[PDB]
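Next up: a single chain in structure tokens, the form deposited in one PDB entry.
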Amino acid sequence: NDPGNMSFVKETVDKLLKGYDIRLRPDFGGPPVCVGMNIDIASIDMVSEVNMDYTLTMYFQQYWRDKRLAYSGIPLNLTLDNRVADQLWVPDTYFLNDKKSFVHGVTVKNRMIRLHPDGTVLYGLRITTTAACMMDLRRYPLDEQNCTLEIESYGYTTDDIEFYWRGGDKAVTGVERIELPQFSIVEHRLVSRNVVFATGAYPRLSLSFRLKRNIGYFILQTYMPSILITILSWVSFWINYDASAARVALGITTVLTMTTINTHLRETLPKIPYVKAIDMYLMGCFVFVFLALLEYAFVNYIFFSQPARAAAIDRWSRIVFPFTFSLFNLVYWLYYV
């Protein structure tokens, strides 16, 4: 009688679980059970190009109605201990593209079960998942990436279970509060569809983010050092051509440093067989510093027989190299922006 009478509540819950078969889905043999899903994204831990995946922490909630759990006489929503979920049927929801995922278990399993008088079940889970995201690094680091989270039922087909985003476009929250130092989230989308396999058609929910990579880190880390090395190679043009050791040292160091910058950057990224946007810039800067050393090799070859021509080549190189490199940056930054 009394909702505050725990003895009466215990009798009501025991009656619900008496004869309850966890092996059978709600409305077994009849219409499919509709499962509504909402996601509260706590954070996106990291985005890795090397492993081609991202780490996501979220509050995963499932909404469905089980008539076997309908109770009367208690005008309240029953929030039970999370351990009761082992005595109830739950959807076999799994993430299609996940690589490693777990449910937090401190201090207890991060799980929620809330019952409703009509038999509606609220099932919440705090899950940290690492989901695979293949990335196209051709325009890297000025690339825009699209990473998805695929939600699907494992065993039950569309004849048994149906998926939908509960709340429509507002089913997923917390996207605007995600703080990625390297990326900005341009847009997120929700997709519901059915995928046909050899064992039947299965419900599918898709959550996708469009990530825009910030360029600030790469300007300070790769682009500026490459520019400084290229400018450093131009110093030899003002050095006297009789200083063979000095000018060759400028040519050697700038050429070798440019190669080390190019190779070191590729080591950090995964072994991809195509040229990236930054690789085009680094290889472009290598030509300028290589031609600067070849410029002195030409001057050193003829400065004895033709000192006048050698001086003109040095004088013209002081203008052509800064001018050509400025144009190279102009065409480069217009293409990739």
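Note that residue numbering follows the sequence shown and begins at 1.
One more form of this protein, deposited in another entry, exists but is not displayed; see below.
When the structures are compared between this form and the one not shown, the hinge, where C-alphas stop matching one rigid part best and start matching the other, is found at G216 among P31, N77, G216, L293. In the other entry, the CA atoms of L180 and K271 sit closer together than in the displayed form, by at least 3 angstroms. Look at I272 and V50: in the other entry their Cα atoms come 3 Å or more closer than in this form.
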